[PDB]
Structures are given as structure tokens and as C-alpha cells.
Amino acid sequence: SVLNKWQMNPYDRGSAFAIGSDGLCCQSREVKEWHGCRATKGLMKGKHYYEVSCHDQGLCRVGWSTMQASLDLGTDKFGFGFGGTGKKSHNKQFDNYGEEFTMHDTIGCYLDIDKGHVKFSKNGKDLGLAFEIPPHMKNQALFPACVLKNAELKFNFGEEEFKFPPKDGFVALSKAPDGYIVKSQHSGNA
């Protein structure tokens, strides 16, 4: 029943990564370690959007990764991250991108599978194209993902009102058609 819902996956997370009973408010309280998670479901086609809100001053990266990726988002060729210090990450390369963000900020995460485009907004401000989906990643489902270092975030896949509704024909990830969505490979009993 856990994989049937759009939420963060208790079966696909670091040891210190904790998920609230809503499935959406997440934290990791280990001071010197990064702990990550992926959502229960992933996207294979379409233009979609989710939001994440920062609840404190801890470090975090948010974005998308495939099932082959490390939960340490952006440290391999299967993940894309945007981090609070104003850096995008992919294949262990951290580049200046966008703006810094922190407590009280909301990051919008845009994914256009059909055009192969990843981009982000901060409090409704378009930060620009962050990544193109590379040839090696084509035809592979992308799951919302984060990694935290002594931080707390809250996801919104579309089941609650968006603080900054998506532009340009992107729609809530939770409203993606059934045939364009893929269940996580990480499951169990609840």
C-alpha cells in the first residue's frame, strides 16, 4: 500500500533518514553525514512538477535520480541535484547554478522527459535550465530524490495546494497518467 501513494519511500532511504506519518515531511539529524531518499514512484514520460519546502538551516540537495543511482544525490551519472549553497550536482561535479536557498524557501522542481530538460525555481523565480538528460539516461524512469545533512524538508507532489503553481504546461507530478509512471524497485511489507 506504501508504493501506491506518491510519497518518500521508507524502503529506499539512508539509516538516519526519517519520514513523517504523512510520507512527505523528511529529516536527517546526523551532524556529519549525508542521508538520502527517493520517492515511491518515478516518471517515464511527460512534463511534471513538484515542490519542496526547507524547514531549517541544514544542508540539502533536491532533484531526480534513477533506480541505478546512489542515494547521495548528484555524486554519480544517474542523479541530478540542486543544493542550498547554489550549486547543481551530477557525476560528482558541483557547478554554480541558480541561487542560494534555506529555511522558508520553496524549490520547484521541473522535469520535461520528452524534451529531456531539468530545471528549478526558487519562490516562483525561474532559475533556468540546469540539466539536459544525457543519452545514457534515456528511457529510464526518474524519481524525486533528496539528500540531507542535519536538515528537514517537506515534499508536495501535488496533493496539496502548490505555493508557486508551475508554468509552461508542467503539471503536478501526482496527477501524471498511470501509464507514464513506474513503481520503485524498492518495496516491502507495511
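The numbering used is simple: start at 1 and walk along the sequence shown.
Averaged over Cα atoms, the B-factor as recorded in the entry is higher for 133-141 than for the other of 117-125 and 133-141. When the C-alpha B-factors of 34-42 and 53-61 are averaged, 53-61 comes out higher. When the CA B factors of the chain's modelled residues are split into thirds, the value for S174 lands in the middle one. Among the modelled residues of its chain, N9 has a C-alpha B-factor that falls in the lowest third, as given in the PDB entry.
In the deposited entry, the Cα temperature factor of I107 sits in the bottom third of values across the chain's modelled residues. When the modelled residues of the chain are ordered by their C-alpha B factor, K149 lands in the middle third.
Ranked against the other modelled residues of its chain, the C-alpha B-factor of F82 as given in the entry falls in the lowest third.
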